[PDB]
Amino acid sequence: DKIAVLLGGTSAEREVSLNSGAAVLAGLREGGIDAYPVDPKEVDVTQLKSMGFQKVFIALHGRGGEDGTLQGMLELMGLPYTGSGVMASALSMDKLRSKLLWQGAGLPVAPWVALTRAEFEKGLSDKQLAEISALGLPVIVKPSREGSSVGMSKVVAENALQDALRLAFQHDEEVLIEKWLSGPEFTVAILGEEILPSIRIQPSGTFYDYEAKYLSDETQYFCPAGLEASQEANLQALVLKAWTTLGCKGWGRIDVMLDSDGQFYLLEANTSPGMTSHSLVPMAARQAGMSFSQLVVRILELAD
């Protein structure tokens, strides 16, 4: 079979995606698969089956490639594709609705307030200001539907919030204000029915931002995560429940942080994770005894 490896696209994470797709391609060609890079910014994707491919590997990040739109197109084109279906992809991109779903399911999530742009440009009511104040300081402000820490700022003073919302609202119509979690920070990869070894992330700097993710050499990673056996077990159980509640499939990565109470809190699910080498999914597969090439082969194998 001929494989298309979708890379680049038109989101804020285009540059990361170009690097993931480059790495996925090579690992796939090293595995004996007939794979070829296709960039949706360059190539009309609606033409894939007419171009001669019969399976797709999605190495796109962000809205378009990760939010169910592509998965819907591909489902109707017929073509099997890597990762989560339409619902779980769309839901996993929307951090507000992920949070609501997990809270509904009794899962641990950081206290938060959500705001729309219409609510912001009008001005905040006393009800909303009271809710925001009960979060304490500091808080994090993030767009609901971004990735790679885009549009995020940490606010440490109450009068600095309205400015941080202005930045976030340049990226989304819906914004989250969340309680600042102490850390430490972890990420857990999923592959089929297998939860892979957790990774602890220690950024130099305020949080795990875009620079810390892709540009800097100062970020420290620990695989395995160095947790006590009971804590590692609790982390894995929590991630499994989070994954299944969202309805995710195939592979992915869920972000989790400890807070000051010594408990884990779910941040988000990523359904088309980074695949450079700076990247965390390949690192966990390696620890489990898989080469990068073996990982991408397996991800392709679990499709519809």
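One rule holds for the numbers: they count along the sequence shown, beginning at 1.
As the entry records it, the average C-alpha temperature factor is higher for 125-133, out of 79-87 and 125-133.
When the C-alpha B-factors of 29-37 and 253-261 are averaged, 29-37 comes out higher.
The top Cα temperature factor in the record, among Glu218, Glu178, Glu174, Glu232, falls on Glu218. When the modelled residues of the chain are ordered by C-alpha B-factor, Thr116 sits in the middle third. When the CA B factors of the chain's modelled residues are split into thirds, the value for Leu70 lands in the lowest one. Looking at the C-alpha B-factors along this chain, the one for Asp163 belongs to the highest third. Ranked by Cα temperature factor within the chain, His278 sits in the highest third according to the deposited record.
In this PDB entry, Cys223 carries a Cα temperature factor that places it within the highest third of its chain's modelled residues.
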